[PDB]
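Let me begin by presenting the structure, written as structure tokens, before commenting on it.
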Amino acid sequence: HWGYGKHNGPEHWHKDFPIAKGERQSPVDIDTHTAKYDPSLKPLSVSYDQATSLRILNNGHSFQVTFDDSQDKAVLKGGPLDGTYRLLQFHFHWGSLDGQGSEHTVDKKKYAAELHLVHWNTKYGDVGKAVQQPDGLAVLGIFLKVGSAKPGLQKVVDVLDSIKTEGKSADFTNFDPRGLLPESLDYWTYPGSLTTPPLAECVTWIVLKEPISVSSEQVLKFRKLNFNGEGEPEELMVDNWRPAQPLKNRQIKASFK
Ligand SMILES: Cc1cc(C)cc(NC(=O)NCCS(=O)(=O)Nc2ccc(S(N)(=O)=O)cc2)c1
Ligand SMILES: [Zn+2]
């Protein structure tokens with residue numbers, strides 16, 4: 001089964017998921033001098049006021065906070081998107097050191113981590129149908145750099161002790177994902193894929209220009225999680241990021257000048 005080690009990491013994924021070598025794989029490097037400002041792009045609409053978080057979980061690949069997506073409660077709209085996309089979950093990718101961990105890069109710069117808020121297009125009815133469509137998902141990507149603490153992240157960080165190993169989950173209601181956003185919603189956008197198996201090419205990526213800052217104590221808490229399940233040799237959950245993939249016949253558009 002897949003992971004991020006020498007023998008099961010991103011260089012192996014194509015054997016079970018041959019779309020790993022596809023025409024619209026993610027993440028990619030964002031060359032800021034080649035992305036074109038697109039004035040036709042609208043502002044993004046992030047409507048998270050009615051978000052209903054449910055649980056926090058260690059899935060062996062990362063940790064995730066899940067939301068009730070049975071109604072339009074927390075939706076992403078506008079920007080490059082047609083229609084309404086409901087927030088399903090968010091999770092992160094992070095490094096063993098502050099100089100690596102993000103999946104997207106910006107002029108080859110790697111950030112310490114990257115947040116993915118995962119949304120699906122309601123015209124397809126359920127997430128499973130949406131993953132089979134080229135416009136099925138929209139993932140909002142936010143870079144993390146190490147500096148000042150992010151107060152809106154601290155409730156996440158303080159429960160990680162309780163889901164140390166894969167398969168563990170905990171109640172995590174009443175969490176406000178608005179506390180994870182930077183000030184600016186300036187973004188880059190391009191068509192891409194899931195960055196973990198099945199690597200489906202179903203994602204409109206929206207990557208925010210402005211990173212959020214998190215403290216060294218907060219990211220250290222990410223790094224104490226485990227890939228393994230309880231009672232198995234401890235392998236720290238670090239460097240759970242896929243590297244940049246070929247851009248091929250794609251063009252990255254910027255919402256700003
Ligand atoms: C059944 C149920 C219910 C609720 C509420 C949440 C969940 N959690 C969930 O579905 N997680 C993944 C959905 S996926 O699209 O199939 N996988 C995927 C997503 C994003 C990326 S990424 N790294 O490109 O952002 C990579 C892979 C499940
Ligand atoms: Zn992700």
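One-based numbering, in listed order, for ligands and for the atoms of each. If you read the sequence from its start, that first residue is 1, and numbering goes on from there. All values below come from the heavy atoms of this structure, side chains included, with hydrogens, waters and symmetry mates left out.
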Under 3.5 Å between some N or O of ligand 1 and some N or O of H91? yes
Side chains of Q89 and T66 only: does a donor on one sit below 3.5 Å from an acceptor on the other? no
Have a look at the Zn ion (ligand 2) and estimate, to 10 degrees, the angle subtended by ND1 (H116) and NE2 (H91). 110°
Step-by-step side-chain hydrogen bond (donor to acceptor under 3.5 Å, both in side chains) determination, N58 to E166: CA-CA 5 Å; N58 179 336; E166 70 173 338; over 6 Å; no
When you look at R86 and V127, which way does the side-chain contact (heavy atoms from CB on, under 4.5 Å) test go after all the steps? CA-CA 9 Å; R86 292 179 185 168; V127 194; over 6 Å; no
Can you tell me which portion of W205 lies within the under-4.0 Å heavy-atom range of ligand 1? Options are side chain, backbone, both, or neither. side chain
Element-labelled atoms of ligand 1 that are located less than 4.0 Å from some non-hydrogen atom of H93: 23 (N)
Going by heavy atoms, is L137 under 4.0 Å from ligand 1? yes
Among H7, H61, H14, whose ring pair (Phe, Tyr, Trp, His ring centres under 6.0 Å) with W2 holds? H61
Taking atom types as modelled, is there a side-chain donor on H93 or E114 under 3.5 Å from an acceptor on the other? no
Between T105 and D29, is there a side-chain donor-acceptor contact under 3.5 Å, judged purely by atom types and distance? yes
Any protein heavy atom under 4.0 Å from atom 21 (C) of ligand 1? yes
Answer yes or no: does an N/O atom from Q64 fall short of 3.5 Å to an N/O atom of ligand 1? yes
Quick check: does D69 get an N/O under 3.5 Å from an N/O on ligand 1? no
Look at atom 16 (O) of ligand 1 and say which protein heavy atom is nearest, naming residue and atom and giving the distance to 0.1 Å. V131 CG2, 4.2 Å
Which residue owns the protein heavy atom closest to atom 4 (C) of ligand 1, what's the atom, and how far is it? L88 CD1, 3.3 Å
At what distance is the nearest protein heavy atom to atom 23 (N) of ligand 1, and which residue and atom is it? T195 OG1, 2.8 Å
Any protein heavy atom < 4.0 Å from atom 14 (S) of ligand 1: no
Rounded to the nearest 0.5 Å, how far does OG of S255 lie from CD1 of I206? 10.0 Å
I need the nearest protein heavy-atom contact for atom 12 (C) of ligand 1: residue, atom name and distance, please. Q89 NE2, 3.1 Å
Which residue from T66, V139, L199, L194 reaches closest to atom 18 (C) of ligand 1 through any of its heavy atoms? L194
Between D239 and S96, does any side-chain donor sit less than 3.5 Å from a side-chain acceptor? yes
Within the structure, does at least one protein heavy atom fall under 4.0 Å of atom 28 (C) of ligand 1? no
Please work out whether any backbone atom (N, CA, C, O) or any side-chain heavy atom from C-beta onward of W120 is under 4.0 Å from ligand 1, and answer side chain, backbone, both or neither. neither
Among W205, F256, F143, exactly one meets ring pair (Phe, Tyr, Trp, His ring centres under 6.0 Å) together with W188. Which residue is that? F256
Please list the nearest protein heavy atom to atom 26 (C) of ligand 1 with its residue and the distance rounded to 0.1 Å. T196 OG1, 3.1 Å
Under the side-chain contact (heavy atoms from CB on, under 4.5 Å) criterion, do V65 and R55 qualify, and how do the steps go? CA-CA 6 Å; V65 169; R55 294 187 66 81; over 6 Å; no
For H119, the option from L140, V46, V203 that meets side-chain contact (heavy atoms from CB on, under 4.5 Å): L140
